[PDB]
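Student: Experimental structure below, sequence on top.
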Amino acid sequence: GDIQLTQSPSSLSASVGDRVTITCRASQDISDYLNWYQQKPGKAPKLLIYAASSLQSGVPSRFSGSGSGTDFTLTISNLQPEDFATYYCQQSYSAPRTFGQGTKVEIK
Amino acid sequence: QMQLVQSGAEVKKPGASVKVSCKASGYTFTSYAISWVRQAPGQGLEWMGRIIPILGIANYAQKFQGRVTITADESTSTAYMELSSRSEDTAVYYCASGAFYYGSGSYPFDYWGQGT
Amino acid sequence: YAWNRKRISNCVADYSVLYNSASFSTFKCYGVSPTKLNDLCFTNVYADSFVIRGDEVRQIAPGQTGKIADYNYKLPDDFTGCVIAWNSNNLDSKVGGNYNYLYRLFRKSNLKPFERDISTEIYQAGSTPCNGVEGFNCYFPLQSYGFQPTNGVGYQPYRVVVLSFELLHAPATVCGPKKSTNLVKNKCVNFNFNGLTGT
Amino acid sequence: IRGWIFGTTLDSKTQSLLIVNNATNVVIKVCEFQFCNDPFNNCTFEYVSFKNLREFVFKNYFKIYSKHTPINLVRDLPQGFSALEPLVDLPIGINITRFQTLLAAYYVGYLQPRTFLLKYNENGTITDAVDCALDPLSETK
Amino acid sequence: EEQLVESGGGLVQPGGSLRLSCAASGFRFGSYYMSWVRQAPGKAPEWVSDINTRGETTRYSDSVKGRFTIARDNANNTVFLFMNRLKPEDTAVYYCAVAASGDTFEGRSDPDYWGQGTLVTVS
Ligand SMILES: *[C@@H]1O[C@H](CO)[C@@H](O)[C@H](O)[C@H]1NC(C)=O
Ligand SMILES: *[C@@H]1O[C@H](CO)[C@@H](O)[C@H](O)[C@H]1NC(C)=O
Ligand SMILES: *[C@@H]1O[C@H](CO)[C@@H](O)[C@H](O)[C@H]1NC(C)=O
Ligand SMILES: *[C@@H]1O[C@H](CO)[C@@H](O)[C@H](O)[C@H]1NC(C)=O
């Protein structure tokens, strides 16, 4: 039936050059159909990781995607002031096209 | 070229029609399915519809099924809406696209706008 | 996927002129020789105009499978028509990627001969209901063609016209030209004045 | 008044024939058009080509024979003789079992397969015909 | 399965000679047709060479006849083709095709599979 995306944790306070781990899951099995997105207030949304295992062109190697089954992991190193923005989970698995709850990280 | 025009932000009475234009300049057409995502200030992004440019049919979710009607034209390469929402549904639409391939992953690629 | 079908009736066609042109260099015919079908009458002619790659020529063949063969247009075994094609990189292949043409990549069943499917139903092949969205085993099965001037000839666009022939108790509306000869007077000749003949 | 509508079901479900005359031209049409009770697609063939007395013979592909002759001041067919030159030939082969005529006088008869004897002239025009099974004198003739 | 791999082309001056090799896989080679076409600027691909089911009978273009001297190797599944005394207009990508016709009616039954070919430049 309905499919939902759950993101943990929903908020972080990470400093420069930290180890940021985002665990994004769903109510049912997801093979590889999940994406991590960047959205800062005031700019267009930009993709971080598409298909949960591929790096985005124009986006450096500071973001990685791993995991499978129920749990997918967005793994971030080398934080910058341009890196602290809102994390989005975007599914491409099935109906309905639900998105993530939003995870905005800001410098402490 | 890599930009879509943003219409002026409007506040509407309940039961009033709302419009939004998403121009597509350059590139090649009849390849990417145009899409719309509605978000509010302080609220996360949520998808509501896509138009395929091949026949102009509409793909909907559960939330706005039977509420929003959407279409697109390839001559102007622009998608349009008819919708009569209330005052509490004041939110910004973002127009997205992406070459939805078949046999592989089906998700938007690029072309994210700056506003309504 | 949306191959145009046009009924041709009540005219005269010069078939061998197309063969003696040497520009449409595919010319695949079944049933009868190109010279004989020029001097042959038929009730109706159906034309099927579409564009494929340079490698999907094998899919346009009776008894052969494929996405073009089984999901876009199926050729019956009892085929007595002609297939003509040529290279069209001049105005069909364009710089940047010609994504204008489409073809059905998935379907729940193989197409019957002389059948066209243009439905935009999301192809369900799994357990998750599609309900119109794209996702896992939930695809809009009309895959887009891709043409570039730097693409290989096996991936270059060929515009294909398929000729069809049928016969019934209805009279032959279309036929080919009939040769004429200069008349000779005051001689023993062996004439065939229209249908009537004599010496 | 003219004879246009021919067919079997007479309202769709098959191709139907129509012969109309307007201004100074005629229109021949076969379509599965929706027909009214007294009017005045699947189309395969469309084509554009008492003081009077017009005779037409229709039989079966499809054949039409016609002739025109000026007359005046008579209520029945005058006791005159004339041939009927062929006009057209429709190879459409429409399955026809019933025909109608809607909106002057007009007469409708029927045809039977009986042997006739014809008399040609110096120019090749039929001037006199004799039935073979009318009366015993014509049977002798 | 079926695959055509080709080599031998290059940039040769007019009046030169060169070799082209095509090797096929996925199907039986000895009893099948093998054709050569060349693609040059200006489109209109010209069918120029063919070998028959027999290893000796060869069909050439009327424009150049006997120039594309041919061999046949059923064991190696590889075909050698020499060409000599090159014209300057012979710069083309050379394609080696697969069997055509095959109990179909006549009228130049076009081959369904062609190779990716090799560049030959003459200047
Ligand atoms: C009326 O007549 C004109 C020519 O006289 C013809 O072109 C036209 O098709 C006719 N229209 C109808 C409805 O018969
Ligand atoms: C013509 O007749 C066929 C036979 O049933 C039908 O399928 C088709 O819809 C018809 N076309 C029309 C009425 O335009
Ligand atoms: C005409 O219709 C009758 C019955 O409606 C049928 O028996 C006959 O075969 C038909 N003929 C043609 C030529 O369609
Ligand atoms: C035959 O045609 C000629 C041509 O003028 C005519 O004079 C003659 O009367 C015609 N014959 C009959 C029997 O009418």
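Tutor: Noted; the coordinates are in hand. Numbers count the residues shown, from 1 in each chain, chains lettered A, B, ... in the order given. Ligands and ions are numbered 1, 2, ... in the order given.
Student: Closest to the centroid, which residue in chain A?
Tutor: In chain A, the residue lying closest to the centroid (CA atoms, centre = their mean) is residue A:36, at 3.2 Å.
Student: Which residue does chain E have closest to chain B?
Tutor: The nearest approach of chain E to chain B comes at residue E:1, 20.0 Å away (CB to the nearest CB). Where you see a C-beta, it was placed from the backbone N, CA and C, and this is true even at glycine.
Student: residue closest to the middle of chain C?
Tutor: residue C:162 (1.6 Å).
Student: Surely that residue touches residue C:81?
Tutor: Yes. With contact defined as CB atoms under 8 Å, residue C:162 reaches residue C:81; the gap is 6.5 Å.
Student: dump the residue contacts of residue C:98.
Tutor: With contact taken as CB atoms under 8 Å, 6 or more residues apart in numbering or on different chains, residue C:98 is in contact with B:28, C:92, C:145-148, C:157.
Student: Could you rerun that using 10 Å?
Tutor: Residue C:98 makes contact with B:28, B:30-31, C:51, C:89, C:91-92, C:144-149, C:151, C:157, according to CB atoms under 10 Å, 6 or more residues apart in numbering or on different chains.
Student: which one of the residues you listed has the most neighbours?
Tutor: Within these, most neighbours by other CB atoms under 10 Å in any protein chain shown means residue C:157, with 24 neighbours.
Student: Please name the nearest non-neighbouring residue to residue D:47.
Tutor: residue D:28 (4.5 Å; CB to CB, 6 or more residues apart in numbering or on different chains).
Student: residues near the closest residue to ligand 1 within chain A, how many?
Tutor: Nearest residue of chain A to ligand 1, counting by CB to the nearest ligand atom: residue A:95, 52.9 Å away. For residue A:95, the count of nearby residues is 23 (other CB under 10 Å).
Student: which residues touch it?
Tutor: Residue A:95 neighbours (CB under 10 Å, 6+ apart): A:1-3, B:59-62, C:122, C:128-135, C:138.
Student: Which element, helix or strand, includes the nearest residue to residue D:84 once chain neighbours are set aside?
Tutor: Distance criterion CB to CB, 6+ apart; nearest residue to residue D:84, sequence neighbours excluded, is residue D:65 at 4.4 Å. Here residue D:65 sits within strand D:62-70, counting by DSSP states H and E.
Student: Check which helices and strands that strand sits against.
Tutor: When contacts are defined as 3 or more CB pairs under 10 Å, 6 or more residues apart in numbering or on different chains; DSSP states H and E, strand D:62-70 packs onto strand D:52-59, strand D:86-90.
Student: Count the neighbours of the residue of chain E found nearest ligand 1 for me.
Tutor: The nearest approach of chain E to ligand 1 comes at residue E:107, 42.7 Å away (CB to the nearest ligand atom). Residues within reach of residue E:107, counting by other CB under 10 Å, total 18.
Student: List the buried residues for stretch E:9-25?
Tutor: E:9, E:12, E:18, E:20-24 (16 or more other CB atoms under 10 Å in any protein chain shown).
Student: swap in stretch E:114-121?
Tutor: E:114-115, E:117-118, E:120.
Student: Convert stretch B:61-72 to CSV, retaining C-alpha atoms only.
Tutor: C-alpha atoms of stretch B:61-72 as CSV (Å, rounded to 0.1, in the frame of the first residue of the first chain):
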residue,chain,number,x,y,z
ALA,B,61,-0.2,10.7,-5.5
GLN,B,62,-2.9,9.9,-2.9
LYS,B,63,-3.0,13.4,-1.4
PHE,B,64,-4.0,15.5,-4.5
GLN,B,65,-5.8,12.8,-6.5
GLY,B,66,-8.9,14.6,-7.8
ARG,B,67,-7.9,18.1,-6.5
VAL,B,68,-5.2,19.5,-8.8
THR,B,69,-5.4,19.2,-12.6
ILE,B,70,-2.1,19.6,-14.6
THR,B,71,-1.0,19.7,-18.2
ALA,B,72,1.9,20.7,-20.4
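Student: Next one: it, is it in contact with chain A?
Tutor: Yes. Using CB under 10 Å from any CB of the partner chain, stretch B:61-72 reaches chain A at B:61-65.
Student: Show me what counts as buried in that stretch.
Tutor: B:61, B:64, B:68, B:70, B:72.
Student: Grab the nearest non-local neighbour of the first one.
Tutor: It stands for residue B:61. Per CB to CB, 6+ apart, closest to residue B:61 is residue A:96, 4.0 Å.
Student: Would you check that the one you found makes contact with residue C:128?
Tutor: No. Using CB atoms under 10 Å, residue A:96 is not in contact with residue C:128; the gap is 11.3 Å.
Student: Mutual contacts of the two, please.
Tutor: A:1, A:3.
Student: how about a markdown table for the residues of stretch B:61-72 next to chain A, with secondary structure and distance to residue D:9 added?
Tutor: Output for the residues of stretch B:61-72 next to chain A, formatted as a markdown table (DSSP: H, G, I helix; E, B strand; the rest coil; distance: CB to CB, whole Å):
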| residue | secondary structure | distance to residue D:9 |
| --- | --- | --- |
| B:61 | coil | 49 |
| B:62 | coil | 48 |
| B:63 | coil | 51 |
| B:64 | coil | 48 |
| B:65 | coil | 44 |
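Student: For chain D, state which of the residues you listed is nearest.
Tutor: Proximity of those to chain D (CB to the nearest CB) peaks at residue B:65, which lies at 36.4 Å.
Student: which residues touch that closest one?
Tutor: So residue B:65 contacts A:96, B:48-49, B:58, C:131-132 (CB under 10 Å, 6+ apart).
Student: now do residue A:106
Tutor: Per CB under 10 Å, 6+ apart, neighbours of residue A:106: A:11-14, A:81, A:84-86.
Student: do the same with residue C:28
Tutor: With contact set as CB under 10 Å, 6+ apart, residue C:28 has these partners: C:57, C:60-61, C:81-85, C:160, C:162, E:100, E:104-105, E:107-110, E:112.
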